[PDB]
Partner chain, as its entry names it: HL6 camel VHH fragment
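Coming up is one lone chain in structure tokens, specifically the form deposited without its partner chain.
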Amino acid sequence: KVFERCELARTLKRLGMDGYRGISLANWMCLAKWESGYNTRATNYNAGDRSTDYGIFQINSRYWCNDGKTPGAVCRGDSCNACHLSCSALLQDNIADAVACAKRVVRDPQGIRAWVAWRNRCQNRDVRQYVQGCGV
């Protein structure tokens, strides 16, 4: 599914993303915009390291979900699939699982810095435009 901007903002607000581990809803919106253009079925293979990015947030397979096909990995406990999900779950139209996984991502030290796209296009920028007029 390709979300409309305000429709996603209201969805994320309902799912408890506003202010989660200190990240404003606007930051999440900025992230989804630049990562996938708000498209849940987006996939990107990293030929360079054989990992794949999945869904609206472009979550990487090396540490967060299991796709079976991601090499460079020494798996301690749940270290290779910290969200406890098949990567397939990050490609559904319903973003509940994707959101639970993004929340797990930011529980690690880097927080939102986990996404290179955020560093480049969102950090220290006026992200208010992403949520203006959405009623959130």
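Shifts are known only where both forms have a C-alpha. Between two forms, the rigid core is the largest collection of C-alphas that superpose within 1.5 Å. Numbering follows the first chain given and starts at 1.
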>> Averaging CA B factors per stretch from the PDB record, which one is higher: 92 to 100 or 67 to 75?
In response: 67 to 75
>> On mean Cα temperature factor in this entry, is 43 to 51 or 83 to 91 the higher one?
In response: 43 to 51
> For the listed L12, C122, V116, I23, which has the peak Cα B-factor recorded in the PDB entry?
Replying inline: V116
> Relative to the other modelled residues in the chain, which third contains the C-alpha temperature factor of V136: lowest, middle or highest?
Replying inline: highest
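The following text describes the form solved in complex with its partner chain, which does not appear among the structures shown.
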> What residues in 13 to 27 sit within 4.5 Å of its partner chain in the bound PDB entry, counting heavy atoms only?
Replying inline: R14, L15, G16, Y20
> Which one of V106, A82, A73, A100 is the only residue whose C-alpha moves by 2 Å or more between the shown form and the other one, after superposing on the core?
Replying inline: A73
> Superposing on the rigid core, where do three or more consecutive Cα atoms all move 2 Å or more between the shown form and the other one?
Replying inline: 72 to 74
